[PDB]
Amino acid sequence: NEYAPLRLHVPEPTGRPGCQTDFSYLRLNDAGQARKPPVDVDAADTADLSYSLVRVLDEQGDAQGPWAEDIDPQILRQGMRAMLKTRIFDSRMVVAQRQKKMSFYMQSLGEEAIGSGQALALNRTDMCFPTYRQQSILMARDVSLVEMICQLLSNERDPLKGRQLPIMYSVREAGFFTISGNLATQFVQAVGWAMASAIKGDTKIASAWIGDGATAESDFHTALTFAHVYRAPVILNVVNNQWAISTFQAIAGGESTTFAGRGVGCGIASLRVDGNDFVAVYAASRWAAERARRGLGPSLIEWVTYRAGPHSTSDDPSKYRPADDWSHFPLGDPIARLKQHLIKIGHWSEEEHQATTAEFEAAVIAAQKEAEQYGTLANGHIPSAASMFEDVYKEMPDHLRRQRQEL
């Protein structure tokens, strides 16, 4: 009588196949509009920033605002090289996935700027805790394409000796922590790594990563909690590409809210940045690296981007979202926007773009050929079967020895 029946609320995206997504839900801001706080700012004073957008490059490719300060063109060129290299390697590996030379692959189309940008603002000794979509970091740190590909093929030359799924890289030498298929776990572990550094009076920092979907995972909350309680020197990165497989970010709790705002609520200085604006990504990352290294505490950064391609080689975006989606995304293509800006300021040209593109293609084709010489899925050429019982423990316990001989 008095009270109407309660009803369940299930968020739905504005655009489904055969429709057009209305990207209004994004709380966007124009370039230069957001201010650049001191690196010692208090968490609470970052509230407004957590619900806005830090963006440098405008519609015309011009740098606007306070975040545009002190930006060396040489770092942007290395950036472009990093973004192009990531996208080209990505394309090539999907093809190799189709031609069954490979078992599985995941692209980072449209997100190449985020990991490459932050990598360049940190030191190689700064350890990153990436998910499966930050290969851009490895590229920015010039990791061997041959070793990466071998791992994607599980060759006899696979640095992981076939023990792990393709793209589940591990490169300690490049401050790239062993990836795990379990979502979010690396977020909290990164805080521990930072706590370890503070405990030892060191100056190295941690760079943690997680996608919008995984934020709903328990370890996201745990990470913020420990980061705040111990004032850990970690940069907590949330890559909001609007999706987690087939689920729109609203079902992750993004409706009427932002992911950066969650840092503010847990006492962490937070920033919501344009993830497809390289300059903005390098500047905001540098900002957070400095806050941490100075012992001013952790930082939470929400990167607003868009997952341009399939979730993986096993996914089909056409079954849940518009196929023309990326075309309407208000923040566009990271590589296209840096290209426009770089050219307009006299530090890049259509000529360099094509030439640099041609060399990464050759580099990738050569690397693939170089790696294949050690095996494929066809060629039974893979790691030994006895190496399969190694490293489970520091020293092969008796029971494993038995199982090895029994093979």
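Note that residue numbering follows the sequence shown and begins at 1.
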| item | value |
| --- | --- |
| Comparing 116-124 with 267-275, the one whose average Cα B-factor in the PDB entry is higher | 116-124 |
| 383-391 versus 7-15 - which carries the larger mean C-alpha B factor in the record | 383-391 |
| Residue with maximal Cα B-factor (values as given in the PDB entry) among 324, 255, 90, 212 | 324 |
| Highest recorded Cα temperature factor - choice among 290, 316, 302, 142 | 316 |
| Third of the chain's Cα B-factor distribution that residue 129 belongs to, per the entry | lowest |
| Third of chain Cα B-factors occupied by residue 39 | middle |
| Ranked C-alpha temperature factor of residue 340 among modelled chain residues, by third | middle |
| Lowest, middle or highest third - CA B-factor, residue 47 | middle |
| Third of the chain, ranked by Cα B-factor, where residue 334 sits | middle |
